[PDB]
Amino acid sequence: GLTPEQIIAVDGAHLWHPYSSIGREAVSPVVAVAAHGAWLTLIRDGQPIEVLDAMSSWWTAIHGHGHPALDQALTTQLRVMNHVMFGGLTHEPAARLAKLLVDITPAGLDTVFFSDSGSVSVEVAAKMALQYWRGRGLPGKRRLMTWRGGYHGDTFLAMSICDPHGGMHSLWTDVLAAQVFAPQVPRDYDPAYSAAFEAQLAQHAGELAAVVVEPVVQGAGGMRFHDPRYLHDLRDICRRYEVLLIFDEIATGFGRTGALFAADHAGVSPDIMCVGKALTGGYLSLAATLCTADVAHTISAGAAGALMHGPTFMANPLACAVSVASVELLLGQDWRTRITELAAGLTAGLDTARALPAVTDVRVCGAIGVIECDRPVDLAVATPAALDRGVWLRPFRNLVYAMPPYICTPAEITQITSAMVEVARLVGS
């Protein structure tokens, strides 16, 4: 048992946080003591206050926290089987989830490799791509290509295809794999960009295993959106130049961009796809990498005879059980209407920010809203500003943004957008 003060004292001495220091944090983290539906209970001035999780706790909480159907799914599974090793055993949760995932992802993705995080699923995707070409007698095809502005995780291979600036590649001189970067993909569709991407890919085609991109929305590398037609072009380019296409849908999956998967906006299927953040409805760490029958059969028929990967908690029954419930909950409702309403709410709520002096862009895509500013956002100023307004927001660089739970009512979206608009006002002020 620990009080918030004790929690803070332990935390300051002993706990790392994402991309943080020990003993040099500008501001202490805020003690969270509960989470229910769209709301977090945080400690502020020693007292508990309920605030909207505008971030969906980093894209995860699509149905909100403590959804009764999802709580129930976990507890039912807990009474039967917590976990068994996936080496030599299988189980209902894994089979149920894999069937669901193959049915709902872009056509052709027939096999599912479960892992415990997005970064791992990305490494699995790369491993599938590299083993695929090795299975085709082309080990030279081992490099990856992407466009700038991307994020794919924090493990060392994932780092190599992250945006070179966002990813601080200059601090990793001589340690990361050297990958092929195309220029930042633009928002608006310009076939000249695709022509140039193709020309650059063409000269590297013989050394490229895959193009890896986030489809439609680039998250941690800058919350940038691009025309879905670029993905149609990528599919065509990759098809014609024999380079696998990998869509990283770890942030975009399960309805977030207004399609069940962002690939659906372009009506294209990748050869390999990663999913993760929202997969369990934000209960537990779980990710999946899917690939076509062709990819799976080629890997399986190659010299190695198997995909050389196998996490300890692969296909954990508890995480899989809650994921099944989470996906069924999404599919059993009119999610498409729900996201359209959310997008409309975000658009309407963020429209006034356009007029603000420090604001360069306002953009919405499905249940994602972004205010881009002309200068870095002071976090020591912004965080308490949104908290004071009943909203948990986490800006970074020049961006103030939200990816709210799908269960957010119109009143809650208004509340979120208001806080965002106000943080932007203080940036200019």
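Counting begins at 1, following the sequence as shown.
Residue 11 is built in all of the other entries compared, counting only those with both neighbours built, so it is not a gap in a third.
Residue-level annotation: residue 412 has coordinates in all of the other entries compared, counting only those that model residues on either side of it, so it never reaches the one-third mark.
Checked against the record, the higher mean CA B factor of 342-350 and 191-199 lies with 342-350. The PDB entry records a higher mean C-alpha B factor for 97-105 than for its counterpart among 83-91 and 97-105.
Highest C-alpha temperature factor among 49, 32, 62, 368 per the entry: 49. Across 331, 322, 244, 251, the greatest Cα temperature factor reported in the deposited entry is at 331. Ranked by C-alpha B-factor against the other modelled residues of its chain, residue 15 falls in the lowest third.
Sort the modelled residues of the chain by CA B factor and residue 174 lands in the highest third.
Sort the chain's modelled residues by C-alpha temperature factor and residue 213 lands in the lowest third, per the entry. Residue 135: CA B factor lies in the highest third for its chain, per the PDB record. Annotation for residue 152: C-alpha temperature factor in the lowest third relative to the rest of the modelled chain, per the entry.
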